[PDB]
């Protein structure tokens, strides 16, 4: 069923009667482990600023808004113009350390995300070399756990009725096994599955952290919601954050397994405490997800 309007445009709050209608791609807010700016794709005027931006950028949102990326990021703007796809850079000026910058374009808007910042050969080989699907799933979960340190890494496979089952698991010594457990379709509702066919990694770094609004919440170009499906800092559905908290999960991350353009499954990662998977490790997981997807497709053929 069609998306409801977002809450800030008067849409209903989601219940178990209408899981699938939540417009999860346009929450108008981000997770607090990074900052997000949006900017006009021609002028570089900063249009929207997350309310926490001073934490990462050292200037208040009121000061940042209306400035150009030419003024604020003199080195990256030309490279940004040229490049914009993701553009990625490391910024060295924080006293806090270094910042990872990730940019993507949606229509006429640039979306800029800032957060603090042979294993590959081996992981790729492991995946390519698995001779059957069970071995592939086992090696994928083990490899992701090894790389990330997550407490629990599972492979969740969708059935034709969109229920799912955990079909492989790597987990911390002594943790109760979730392998073999099955869950209803509504736990990963259809609009989420659809989004996950287009934007292949998403996460919640702290399942108890309040979302941070974008200000203004609407894109001034369009007077409409800002597309955040491609922003890993996007705020997570409240329904899902509650699901995670009730499971004792402090941090969650999944990677899509896409076969024939359909969502075959998810690599599902949990940590019991909050945990910000480092930026370079996300990129690695993306690579691994694509490889896993290719191998699942290869094997089913």
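Residue numbers count along the first chain shown, from 1.
Going from residue 117 to residue 118, you skip over 4 to 9 residues of the deposited sequence that the entry leaves unmodelled.
Per the record, residue 84 and residue 85 are separated by a gap of 4 to 9 residues from the deposited sequence that were not modelled.
For the two regions 29-37 and 258-266, the entry's Cα B-factors average higher over 258-266. In this entry, 75-83 has the higher mean Cα B-factor, the comparison being between 75-83 and 214-222. Each of 179, 194, 103, 123 has a CA temperature factor in the record; the biggest one is found at 123.
Of all the options 251, 52, 236, 67, the entry's greatest CA B-factor is assigned to 67.
In the PDB entry, residue 153 places in the lowest third of its chain by CA B-factor. Residue 143 sits in the middle third of its chain by CA B factor, as recorded in the PDB entry. Remark: residue 63 belongs to the highest third of its chain, ranked by C-alpha B-factor as recorded.
When the CA B factors of the chain's modelled residues are split into thirds, the value for residue 23 lands in the lowest one. When all modelled residues of the chain are sorted by CA temperature factor, residue 201 is found within the lowest third.
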